[PDB]
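S.K.: Structure provided below as structure tokens; questions to follow.
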2 protein chains.
Amino acid sequence: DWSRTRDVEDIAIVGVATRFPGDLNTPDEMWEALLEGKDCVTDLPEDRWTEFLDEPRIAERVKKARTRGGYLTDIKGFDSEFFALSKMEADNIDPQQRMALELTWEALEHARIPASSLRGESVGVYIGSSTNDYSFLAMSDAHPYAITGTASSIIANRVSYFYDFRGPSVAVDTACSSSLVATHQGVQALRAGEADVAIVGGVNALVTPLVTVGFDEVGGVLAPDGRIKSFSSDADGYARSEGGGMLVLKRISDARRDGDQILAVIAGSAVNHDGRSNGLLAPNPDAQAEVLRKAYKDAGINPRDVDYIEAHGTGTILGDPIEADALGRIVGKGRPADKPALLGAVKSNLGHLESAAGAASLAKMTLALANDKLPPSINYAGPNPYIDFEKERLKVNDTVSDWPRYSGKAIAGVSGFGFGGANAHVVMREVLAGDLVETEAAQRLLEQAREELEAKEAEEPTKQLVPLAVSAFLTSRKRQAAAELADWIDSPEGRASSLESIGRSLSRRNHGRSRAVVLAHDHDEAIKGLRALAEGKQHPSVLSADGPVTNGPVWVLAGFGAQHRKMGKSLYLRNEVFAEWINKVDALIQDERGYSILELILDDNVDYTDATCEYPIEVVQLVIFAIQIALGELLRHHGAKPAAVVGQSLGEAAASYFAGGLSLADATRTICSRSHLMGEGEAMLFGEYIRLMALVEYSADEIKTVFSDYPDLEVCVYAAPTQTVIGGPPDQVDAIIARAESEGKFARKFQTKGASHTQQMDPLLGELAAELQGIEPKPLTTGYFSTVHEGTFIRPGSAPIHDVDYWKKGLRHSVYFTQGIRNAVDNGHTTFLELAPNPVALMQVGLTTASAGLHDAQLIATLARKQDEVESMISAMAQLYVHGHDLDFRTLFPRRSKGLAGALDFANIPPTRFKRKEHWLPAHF
Amino acid sequence: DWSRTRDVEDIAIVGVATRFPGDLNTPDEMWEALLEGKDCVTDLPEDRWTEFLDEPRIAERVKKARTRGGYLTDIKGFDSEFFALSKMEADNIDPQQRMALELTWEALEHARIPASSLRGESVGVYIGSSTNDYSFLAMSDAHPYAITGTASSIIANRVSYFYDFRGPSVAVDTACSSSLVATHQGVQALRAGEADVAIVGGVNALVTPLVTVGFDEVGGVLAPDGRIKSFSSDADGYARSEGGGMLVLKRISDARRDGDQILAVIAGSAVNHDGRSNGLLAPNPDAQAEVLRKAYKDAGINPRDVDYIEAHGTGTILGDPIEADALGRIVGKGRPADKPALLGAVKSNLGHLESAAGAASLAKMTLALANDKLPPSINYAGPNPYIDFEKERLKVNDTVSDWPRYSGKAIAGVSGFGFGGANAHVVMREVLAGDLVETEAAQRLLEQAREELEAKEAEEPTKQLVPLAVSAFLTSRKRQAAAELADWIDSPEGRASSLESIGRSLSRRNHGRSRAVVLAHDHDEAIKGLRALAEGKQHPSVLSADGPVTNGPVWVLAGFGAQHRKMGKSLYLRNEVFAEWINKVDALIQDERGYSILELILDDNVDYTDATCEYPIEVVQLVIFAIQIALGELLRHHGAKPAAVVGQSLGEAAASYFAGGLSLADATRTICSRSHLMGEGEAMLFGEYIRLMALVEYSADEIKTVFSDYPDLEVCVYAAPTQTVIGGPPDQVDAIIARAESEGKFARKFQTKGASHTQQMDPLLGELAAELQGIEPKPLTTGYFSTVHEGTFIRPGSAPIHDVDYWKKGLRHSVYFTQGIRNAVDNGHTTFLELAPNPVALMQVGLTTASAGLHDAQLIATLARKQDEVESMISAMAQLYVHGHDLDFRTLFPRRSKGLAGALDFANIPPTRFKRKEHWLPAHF
């Protein structure tokens with residue numbers, strides 16, 4: 001009978017913003033006032049309308065009028081610096097635009113949706129306004145800036161400009177029901193694409209008495225006392241008020257997917273017109289009946305099941321019976337005498353907000369549905385004698401009461417009728433639960449580690465590290481927030497939080513250009529770091545910056561001499577993404593070589609030297625290669641992406657995969673063949689043709705002059721401008737070591753039996769090439785710095801370069817690591833990230849950057865020896881976040897209890913604070 | 001690739017209204033101007049802005065400005081009487097509202113959709129406005145009426161009030177692209193229900209120089225000469241203009257169903273925002289590319305197939321290259337160098353209509369698509385050096401040219417970008433052909449009649465009667481239109497019309513309260529009648545009235561003594577609905593009695609007396625009963641519906657079917673059994689028990705006093721207050737005839753062997769009741785006047801009353817025909833319609849109405865003897881239409897060539913004329 005004809009989604013409400021009379025600037029303040037039954041109407045403030053006063057003719061006319069209603073405590077204040085506006089431009093801005101910008105920010109903050117994440121997205125803005133009062137002050141004389149400020153279209157266009165919204169931006173105007181119409185258009189859009197999020201609301205302002213005087217001149221419209229008595233025997237008119245409100249709307253499927261908290265659900269809505277009634281301003285009950293029937297038909301809900309109606313409630317002796325009649329025809333039809341539809345109006349509390357009444361009504365029901373209480377309707381001294389509630393199945397709820405839930409759930413209706421004839425109705429219902437629902441030995445070692453780990457935790461439970469993010473568009477604002485946050489944490493409410501809720505809440509706040517992160521294990525550490533961050537004092541557990549870096553990060557894949565007894569073990573057990581990719585690489589290696597690496601990573605006795613019989617030279621490279629892949633994909637899972645990559649003789653395979661030149665399977669083949677061939681080749685020869693490598697503190701120019709006396713020696717790696725790795729027979733290297741010592745130059749030996757990038761590789765090329773057949777190089781798609789091609793930068797989209805000859809050249813010939821780093825600095829890159837079990841290449845990079853004139857380079861280190869594998873990747877992510885690099889900070893705080901225990905999560909941290917300064921347009925008249 | 005993801009309909013355009021500069025008040029004037037390349041820009045009129053002038057400070061500031069653009073010749077004029085507005089209220093009405101009311105009327109008139117037919121329907125109004133200039137004049141001092149007049153919401157709400165629209169009524173505001181946005185919302189609504197017709201457009205007005213001065217103060221915005229040079233090397237700004245336009249939109253399926261002419265088709269549309277660009281007023285090419293891609297994706301059209309683009313064309317040196325760039329990215333991508341997308345802008349002809357540019361652009365393309373020509377773009381002195389048209393696959397069409405039709409059809413795009421960032425695009429295509437597509441002897445006699453009819457037509461072809469309808473809200477306006485229409489008919493253009501096109505066009509005009517109809521066979525007769533109607537002179541071929549009657553018509557089903565040789569024959573051959581229902585009744589009678597009546601109707605020799613062996617008393621009733629059913633259903637087919645019904649001893653069966661008490665089959669059984677039983681019963685007895693009936697000029701009171709001496713006599717029918725039909729033995733009736741003659745009272749005998757409503761029926765009741773078993777009386781659903789229950793009115797929805805005992809009582813007891821008529825007059829009924837082959841009961845009704853004090857009763861007569869069966873039902877329909885009764889006058893002019901020869905139909909009759917009087921708000925400053 002009343003089911004949907006069209007298959008459409010239900011819209012979800014995730015945010016609310018309030019700027020209503022009575023200092024109701026937040027939903028929490030609004031909810032308390034409604035329960036207490038607060039009358040927010042008050043006399044005209046002494047400082048309002050002063051521009052028109054001082055003229056005896058208009059002044060006495062104003063006094064004769066009523067001039068009593070809801071007025072904002074502060075309307076002139078405005079934080080122009082926050083919204084990037086000049087004083088001259090700000091002074092010529094209608095307060096309607098100011099409210100929209102402020103309300104939009106609060107709504108997203110209330111919805112815990114970072115405003116930065118919505119930049120460039122398809123977000124629609126639908127706002128209702130009717131009166132351009134502010135434009136009258138400008139024309140009293142003026143500046144051209146008043147054209148944009150006082151325009152109605154700019155009310156929404158400006159919002160979509162500051163927040164960078166790429167969706168529809170229109171300002172509707174249906175008089176007293178504009179807010180509901182704007183909500184209707186947003187709901188219809190989301191059901192028909194065209195957007196993913198929608199900001200819907202309305203705004204009004206009483207800047208001049210022209211409209212108020214006009215209504216008083218008509219007579220019988222304004223109440224003498226300024227109080228509304230919706231559905232009462234003492235109705236005598238209404239009073240005009242100012243304010244605004246906003247809502248955030250998303251498809252219920254998206255809200256469930258994204259983890260957003262759902263406060264209420266909009267099942268459907270409808271709008272129509274009264275047509276030819278007994279005058280333009282005379283309501284027509286017949287049309288009101290149709291829109292109610294039209295709305296509930298779309299919502300797929302039988303009106304007999306409704307529990308509460310937020311009526312228009314204009315306190316008119318003649319217009320109230322008409323509204324009740326229509327409700328009885330549709331809503332109050334067939335109901336038992338003991339199941340009336342509760343009735344109420346918010347205008348009794350706040351007044352008649354012309355273009356914002358719908359927003360106030362929607363907010364009231366949204367909070368009521370999110371909670372489980374129905375606030376009363378004040379100013380009810382008895383039923384209207386001209387309305388038969390018993391016959392119409394209605395009841396005016398003038399006391400705090402709970403939802404009857406006739407149908408088992410909560411359903412509400414919001415109705416708003418304009419004075420020109422336009423009508424609208426919105427159907428709302430509570431959120432339901434249904435809306436929240438759509439290798440043998442390796443196992444043996446794995447079980448032992450988990451049992452040992454669990455047993456050790458019982459003796460000493462470790463305290464999890466929590467990164468607390470603080471950000472703002474200015475450093476001064478950033479540190480002010482930290483001090484406010486620290487004070488709240490020290491308060492009993494803060495002490496009663498898990499310290500993971502606080503991080504989760506902060507991760508969902510706007511991530512500005514000036515960013516800071518605090519690494520705290522408990523509340524006390526967080527307070528100390530935040531207090532230090534309140535000023536410029538440094539702190540080991542505090543990361544801070546003043547602005548983002550120009551260019552993206554560079555990933556370094558060296559993976560040489562960075563192995564120890566237990567690497568990749570702790571993070572494998574305590575992380576899933578890292579373990580997942582480790583297994584995938586293990587399976588590929590098992591297919592190729594026939595053995596698993598997990599038997600080595602999980603085993604503790606193995607130290608990769610004399611503990612593994614199967615060519616320790618081979619396994620070491622494979623384990624490092626697997627770790628590099630897992631770390632890179634882990635960073636990708638959190639949103640990180642590399643602008644450029646570079647490797648040093650061992651990470652070329654990993655670098656290719658990250659860039660995109662080769663697939664994971666193809667890259668695994670290259671490293672496996674390279675590693676196995678080197679291991680067997682080194683064991684094949686011993687004593688006769690053995691050649692070892694050593695490190696020498698020499699430059700490229702010095703190497704050419706000194707290699708003349710030593711013909712057989714070759715250059716292997718250009719680690720640093722003043723350092724180089726060379727290989728050759730022990731006698732030649734021994735002489736070089738003695739020669740360098742004679743000149744005071746530091747040198748080493750690396751104590752490594754293996755030797756790559758020398759003549760030993762020559763026999764291996766023939767068989768190496770055959771094994772590598774079948775690989776399919778692809779376009780890079782990412783910046784590259786080939787150490788084998790003389791450190792020449794390669795742009796994304798270039799032709800494939802990872803052919804077989806590429807790997808043979810790298811294995812045999814030297815690698816220009818230092819040259820590539822210098823070229824990257826020339827292009828402007830300043831942040832370098834190393835993926836390895838132990839950072840050893842950062843020192844080499846630091847020397848190159850300093851030699852190139854860069855001394856404040858960002859050297860980020862992944863897993864390091866003798867440090868917890870966790871709490872080191874978290875720090876690496878924080879540094880990327882601080883310096884403006886790509887990172888989804890919300891991924892570090894996954895939700896455990898979605899829809900079950902939301903109270904303990906999402907702590908009540910302080911909100912963003914604005915510095916409001918007077919901005920008004922002088923006038924004399 | 002570009003096909004639709006969602007299954008949605010294509011929207012059709014059926015009407016256009018224009019109020020653009022250059023006296024372009026009609027599409028025909030607009031189309032001619034575009035072809036001629038007319039520059040509608042002109043200097044400021046001397047009579048404009050005089051209120052602000054006379055002040056030296058503002059006056060010299062205005063002169064220093066440009067003050068050159070498109071201005072309306074007459075803006076103050078307004079026909080308040082037509083729209084029911086007082087002088088005080090009209091003076092405080094913004095011209096934007098006035099244009100919307102006028103444009104809406106013209107659009108429906110252009111679309112040939114009666115505005116009266118849309119009253120109470122789900123019609124949406126979406127109108128774009130940005131500046132409330134008129135409100136500044138009111139506040140210079142004022143009246144409260146300025147609140148409604150100058151409000152933006154009332155621009156659309158007032159339209160939906162005057163025309164009684166029950167759909168959405170909202171006023172959008174997106175600055176310079178509001179008109180396109182309004183069109184977008186209407187298109188989306190129609191695809192998602194919520195409405196059946198949509199009025200979309202925009203309006204602007206230049207009442208004050210405040211906005212013009214502001215732009216001049218900025219500098220670099222307004223052109224010094226006021227001329228726009230869209231896409232030219234001499235672009236130096238633009239000029240502001242005023243005007244408005246409207247369109248009528250319907251789902252293409254509905255337009256095809258209703259016969260509406262389709263001018264163009266809207267495949268799809270889209271809107272978005274520029275986001276954070278280089279300033280609020282700086283356009284963003286990236287967003288423009290997305291909306292074009294977004295729009296064509298919805299339209300299911302590949303952009304490479306577009307043939308013409310109606311660009312924004314603001315004549316800005318910096319904004320024009322940006323628009324071209326986006327077009328090249330999407331539209332001009334992959335095109336051959338010899339297939340460019342033609343480019344043009346209407347702003348060059350009219351100027352920059354802020355909130356009405358989209359309406360002007362849509363109208364231009366709509367006329368171009370309806371025709372087969374592309375108008376040029378004026379002010380093109382060479383391509384812009386900063387735009388590479390060859391590389392972007394674009395061409396500025398500066399000459400009259402035909403559609404290239406790259407894809408085989410015509411496709412166009414309209415783009416409008418606001419100064420705040422909002423953007424929109426609409427895709428249009430021409431209307432295609434595919435869019436316009438989804439009883440033996442009786443036959444022998446039927447063929448003879450058709451051949452004889454066709455043969456007779458050749459000797460003398462009959463001239464078809466055409467009812468010409470003229471109507472208006474006042475008699476004076478009605479007769480003024482007739483004189484204008486008559487003059488046009490006498491003109492060569494009128495003489496070149498079929499005279500059926502003229503009627504068809506008039507049938508689709510608004511049907512007001514004051515209505516008139518002219519029955520003309522040729523043009524000369526129509527002119528003579530219209531000229532007579534121009535004044536109060538009467539004319540036999542002219543039907544006129546000053547206002548509708550209060551209550552609905554009453555249908556009278558007597559069908560006694562109204563048979564002749566050839567009844568229902570001429571209309572059966574020349575009408576389909578009448579023939580259809582005749583056959584259905586014939587089949588039912590064939591099942592019951594076993595013979596067909598068509599053998600009698602079609603036969604000419606039969607005269608229903610001595611020519612039919614099968615009980616002429618029986619066949620006569622059946623033939624009359626069949627005719628009554630056919631006429632009633634024929635009237636229903638044209639929209640007529642009865643408020644009440646009444647019958648006289650023979651139409652009770654037909655009256656029951658029309659009311660709804662009984663089904664057609666059940667009613668047929670009652671008459672068949674009644675007729676057959678009477679025929680056999682009368683033949684059963686002869687001489688001994690034969691009793692005949694006679695008419696006597698006596699009243700009911702006189703009958704009671706006179707029946708004392710004659711015991712056996714009975715009253716049969718109370719035909720009139722002073723007349724009565726009685727039955728009895730011939731001796732008793734003979735004495736009554738002599739007695740009446742002795743007193744001078746007229747009497748007759750009826751020369752009828754049969755006699756009903758007497759003792760002869762008593763034996764027939766027993767068998768009559770058995771035959772009638774199984775009938776299922778139902779609720780009436782219509783007013784009834786039972787002549788068997790003492791003429792007591794019965795309201796609709798009453799319990800069934802047509803049980804078996806009801807028919808036995810009527811057949812045996814008298815019928816109170818006069819009493820029922822008097823009761824109907826008491827209830828207020830004044831129009832009586834008789835369904836019978838020959839009107840005989842009207843005389844009886846006329847006497848009763850006069851006796852009750854009603855002398856101007858509307859007595860409408862159906863088919864009459866010795867008159868053409870056609871041209872008599874047409875007159876009956878005209879009288880119902882004239883007196884305000886329900887009738888779809890469009891059904892009398894069916895379309896023959898839909899989409900084939902539309903030129904010869906839908907003549908170019910004069911349009912509605914308004915009397916405009918000055919209505920302006922004085923101001924001093």
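Order determines the names: the first chain of the structure tokens is A, the second B, and so forth; residues in each chain are numbered 1 upward, and ligands are numbered 1 upward as they are shown.
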Could you tell me which residues of chain B sit within 6 Å of chain A when counting only C-alpha atoms, and give me the result as a PyMOL selection string?

M.R.: chain B and resi 144+153+157+160-162+164-168+170-175+214+271-273+275-276+420

S.K.: Could you name the residues that touch residue 838 (chain A) at 9 Å or less, counting only C-alpha atoms, but leaving out those on the same chain fewer than 5 positions away, as a PyMOL selection string?

M.R.: chain A and resi 559+561-564+567+861-865

S.K.: Report the distance between CA of residue 326 (chain A) and CA of residue 292 (chain A) in Å, rounded to one decimal place.

M.R.: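 Taking CA of residue 326 (chain A) as the start and CA of residue 292 (chain A) as the end point, the length is 8.4 Å.
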
S.K.: I'd like to know which of B:41, B:667, B:223, B:725 is closest to residue 654 (chain B), using only C-alpha atoms.

M.R.: B:667

S.K.: Which residue out of B:359, B:332, B:868, B:232 has the minimum interatomic distance to residue 315 (chain B) when only C-alpha atoms are used?

M.R.: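 Answer, going by the shortest atom-to-atom distance: B:232.
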
S.K.: In region 438-679 of chain B, what's helix (DSSP H, G or I) per DSSP? Answer as a count of residues only?

M.R.: 131

S.K.: Please report, as an MDAnalysis selection string, each residue of region 581-815 of chain A to which DSSP assigns strand (DSSP E or B) when run on this structure's backbone.

M.R.: chainID A and resid 644:647 692:696 714:720 723:728 747 783:786 792:794 815

S.K.: Neighbouring residues of residue 414 (chain B) were defined as those with any atom within 7 Å, considering only C-alpha atoms; residues of the same chain fewer than 3 positions away were excluded. Please report them as a list in words.

M.R.: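 Counting only the stated atoms, we get residues 309, 310, 311, 361, 362, 425, 426 and 427 of chain B.
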
S.K.: Keeping only N, CA, C and O atoms, write those residues as a PDB file, in the first residue's frame.

M.R.:
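Output file out-v7.pdb follows:
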ATOM      1  N   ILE B 309      27.698  24.660 -30.069  1.00  0.00           N
ATOM      2  CA  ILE B 309      27.818  24.982 -28.653  1.00  0.00           C
ATOM      3  C   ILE B 309      27.390  26.427 -28.450  1.00  0.00           C
ATOM      4  O   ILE B 309      27.915  27.333 -29.106  1.00  0.00           O
ATOM      5  N   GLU B 310      26.436  26.641 -27.544  1.00  0.00           N
ATOM      6  CA  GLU B 310      26.023  27.987 -27.150  1.00  0.00           C
ATOM      7  C   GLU B 310      26.841  28.368 -25.925  1.00  0.00           C
ATOM      8  O   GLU B 310      26.424  28.171 -24.782  1.00  0.00           O
ATOM      9  N   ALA B 311      28.025  28.923 -26.169  1.00  0.00           N
ATOM     10  CA  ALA B 311      28.970  29.185 -25.098  1.00  0.00           C
ATOM     11  C   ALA B 311      28.483  30.333 -24.217  1.00  0.00           C
ATOM     12  O   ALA B 311      27.575  31.092 -24.569  1.00  0.00           O
ATOM     13  N   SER B 361      19.597  31.493 -24.053  1.00  0.00           N
ATOM     14  CA  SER B 361      20.376  30.495 -24.777  1.00  0.00           C
ATOM     15  C   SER B 361      19.517  29.291 -25.145  1.00  0.00           C
ATOM     16  O   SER B 361      19.564  28.802 -26.278  1.00  0.00           O
ATOM     17  N   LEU B 362      18.718  28.802 -24.194  1.00  0.00           N
ATOM     18  CA  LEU B 362      17.871  27.645 -24.465  1.00  0.00           C
ATOM     19  C   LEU B 362      16.844  27.957 -25.547  1.00  0.00           C
ATOM     20  O   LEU B 362      16.586  27.128 -26.427  1.00  0.00           O
ATOM     21  N   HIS B 425      25.498  22.875 -17.539  1.00  0.00           N
ATOM     22  CA  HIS B 425      25.510  22.532 -18.952  1.00  0.00           C
ATOM     23  C   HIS B 425      24.274  21.706 -19.266  1.00  0.00           C
ATOM     24  O   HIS B 425      23.886  20.835 -18.484  1.00  0.00           O
ATOM     25  N   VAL B 426      23.663  21.986 -20.414  1.00  0.00           N
ATOM     26  CA  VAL B 426      22.458  21.297 -20.858  1.00  0.00           C
ATOM     27  C   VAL B 426      22.697  20.780 -22.269  1.00  0.00           C
ATOM     28  O   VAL B 426      23.207  21.511 -23.125  1.00  0.00           O
ATOM     29  N   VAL B 427      22.326  19.526 -22.508  1.00  0.00           N
ATOM     30  CA  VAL B 427      22.493  18.880 -23.804  1.00  0.00           C
ATOM     31  C   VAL B 427      21.131  18.812 -24.475  1.00  0.00           C
ATOM     32  O   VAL B 427      20.146  18.388 -23.858  1.00  0.00           O
TER      33      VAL B 427
END

S.K.: Which polymer residues have any atom within 7 Å of an atom of region 786-790 of chain B, counting only C-alpha atoms, with same-chain residues fewer than 4 positions away left out, as JSON, numbers by chain?

M.R.: {"B": [646, 648, 810, 814, 815, 816, 817, 819, 820]}

S.K.: One number please: CA of residue 555 (chain B) to CA of residue 834 (chain B), in Å, one decimal.

M.R.: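 Separation of CA of residue 555 (chain B) and CA of residue 834 (chain B): 5.9 Å.
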
S.K.: Choose the residue, out of A:35, A:643, A:696, A:549, that has the smallest atom-to-atom separation from residue 743 (chain A); count only C-alpha atoms.

M.R.: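 For residue 743 (chain A), the nearest of the given residues is A:696.
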
S.K.: With distances taken over only C-alpha atoms, which residue among B:635, B:758, B:773, B:621 lies nearest residue 837 (chain B)?

M.R.: B:621

S.K.: For a quick check of understanding, using only C-alpha atoms, which of B:850, B:62, B:469, B:519 has the smallest distance to residue 505 (chain B)?

M.R.: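 Among the listed residues, B:469 lies closest to residue 505 (chain B).
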
S.K.: Would you list the contacts of residue 209 (chain B) as number ranges by chain, taking every protein, DNA or RNA residue within 9 Å and counting only C-alpha atoms, but skipping same-chain residues closer than 6 positions in sequence?

M.R.: B: 49, 52, 62, 67

S.K.: Keeping only N, CA and C atoms, write the selected residues as a compact mmCIF listing (two decimals), in the first residue's frame.

M.R.:
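Saved file part_37.txt follows:
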# COMPACT_ATOMS: atom_id res chain seq x y z
N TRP B 49 15.60 55.34 -14.30
CA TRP B 49 16.45 55.74 -13.19
C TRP B 49 16.24 57.19 -12.77
N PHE B 52 16.64 58.15 -8.93
CA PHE B 52 17.96 58.40 -8.36
C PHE B 52 18.60 59.66 -8.92
N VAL B 62 26.68 58.41 -12.19
CA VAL B 62 26.02 57.58 -13.19
C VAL B 62 26.52 57.93 -14.59
N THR B 67 26.53 52.71 -18.56
CA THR B 67 25.08 52.84 -18.67
C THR B 67 24.62 52.62 -20.11

S.K.: Show which residues sit within 10 Å of residue 663 (chain B), as a ChimeraX atom specification. Count only C-alpha atoms, and ignore same-chain residues fewer than 3 positions away.

M.R.: /B:653-654,656-660,666-668,775-778

S.K.: Save out the residues we just selected, N, CA and C atoms, as a compact mmCIF listing (two decimals), in the first residue's frame.

M.R.:
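Dumped everything to out-v5.txt:
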# COMPACT_ATOMS: atom_id res chain seq x y z
N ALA B 653 -34.00 2.02 -16.54
CA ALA B 653 -32.89 1.11 -16.80
C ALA B 653 -31.65 1.87 -17.25
N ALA B 654 -31.81 2.78 -18.22
CA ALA B 654 -30.68 3.59 -18.67
C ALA B 654 -30.19 4.52 -17.56
N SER B 656 -30.29 4.03 -14.37
CA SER B 656 -29.54 3.25 -13.38
C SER B 656 -28.10 3.04 -13.83
N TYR B 657 -27.89 2.70 -15.10
CA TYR B 657 -26.54 2.47 -15.59
C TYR B 657 -25.70 3.74 -15.50
N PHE B 658 -26.26 4.87 -15.94
CA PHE B 658 -25.52 6.12 -15.89
C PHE B 658 -25.20 6.51 -14.45
N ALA B 659 -26.17 6.36 -13.55
CA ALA B 659 -25.91 6.65 -12.14
C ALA B 659 -24.84 5.72 -11.58
N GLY B 660 -24.95 4.43 -11.88
CA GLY B 660 -24.06 3.42 -11.34
C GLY B 660 -24.74 2.36 -10.50
N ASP B 666 -27.03 -5.98 -16.59
CA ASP B 666 -28.20 -6.09 -15.72
C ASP B 666 -29.32 -5.16 -16.19
N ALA B 667 -28.97 -3.93 -16.58
CA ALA B 667 -29.98 -3.00 -17.06
C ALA B 667 -30.65 -3.52 -18.33
N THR B 668 -29.87 -4.13 -19.22
CA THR B 668 -30.43 -4.67 -20.45
C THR B 668 -31.45 -5.76 -20.15
N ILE B 775 -29.54 -10.16 -10.66
CA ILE B 775 -28.99 -8.82 -10.79
C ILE B 775 -28.43 -8.37 -9.44
N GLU B 776 -27.39 -7.53 -9.49
CA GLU B 776 -26.65 -7.11 -8.31
C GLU B 776 -26.68 -5.59 -8.23
N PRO B 777 -27.68 -5.00 -7.58
CA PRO B 777 -27.68 -3.55 -7.38
C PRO B 777 -26.46 -3.10 -6.59
N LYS B 778 -25.95 -1.93 -6.94
CA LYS B 778 -24.75 -1.35 -6.34
C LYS B 778 -25.06 0.05 -5.85

S.K.: Quick one: pull the distance between CA of residue 912 (chain B) and CA of residue 481 (chain B), Å, one decimal.

M.R.: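 The value is 7.4 Å.
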
S.K.: Skipping near chain neighbours, those fewer than 6 positions away, what residues fall within 7 Å of region 625-632 of chain B using only C-alpha atoms, listed as number ranges by chain?

M.R.: B: 568, 578, 581-582, 585, 654, 835-836

S.K.: Keeping only N, CA and C atoms, write the selected residues as a short mmCIF file (atom, residue, chain, number, x, y, z; two decimals), in the first residue's frame.

M.R.:
data_model
loop_
_atom_site.label_atom_id
_atom_site.label_comp_id
_atom_site.auth_asym_id
_atom_site.auth_seq_id
_atom_site.Cartn_x
_atom_site.Cartn_y
_atom_site.Cartn_z
N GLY B 568 -30.94 7.14 -35.20
CA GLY B 568 -29.69 6.49 -34.88
C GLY B 568 -28.97 5.90 -36.07
N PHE B 578 -20.54 6.05 -31.02
CA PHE B 578 -21.97 5.75 -31.04
C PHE B 578 -22.23 4.37 -31.62
N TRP B 581 -21.04 1.40 -29.00
CA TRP B 581 -21.94 1.06 -27.91
C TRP B 581 -23.26 0.48 -28.42
N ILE B 582 -23.68 0.87 -29.62
CA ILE B 582 -24.88 0.27 -30.21
C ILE B 582 -24.66 -1.22 -30.42
N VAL B 585 -24.78 -3.20 -27.02
CA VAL B 585 -26.15 -3.43 -26.57
C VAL B 585 -26.83 -4.46 -27.47
N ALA B 654 -31.81 2.78 -18.22
CA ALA B 654 -30.68 3.59 -18.67
C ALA B 654 -30.19 4.52 -17.56
N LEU B 835 -31.81 12.74 -23.36
CA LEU B 835 -31.19 11.77 -24.27
C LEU B 835 -32.31 10.94 -24.89
N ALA B 836 -32.65 11.23 -26.13
CA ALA B 836 -33.71 10.52 -26.84
C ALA B 836 -33.62 10.86 -28.32
#

S.K.: Nearest residue to residue 877 (chain A) out of A:811, A:701, A:687, A:636, using only C-alpha atoms?

M.R.: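 Once distances to residue 877 (chain A) are computed over only C-alpha atoms, the minimum belongs to A:636.
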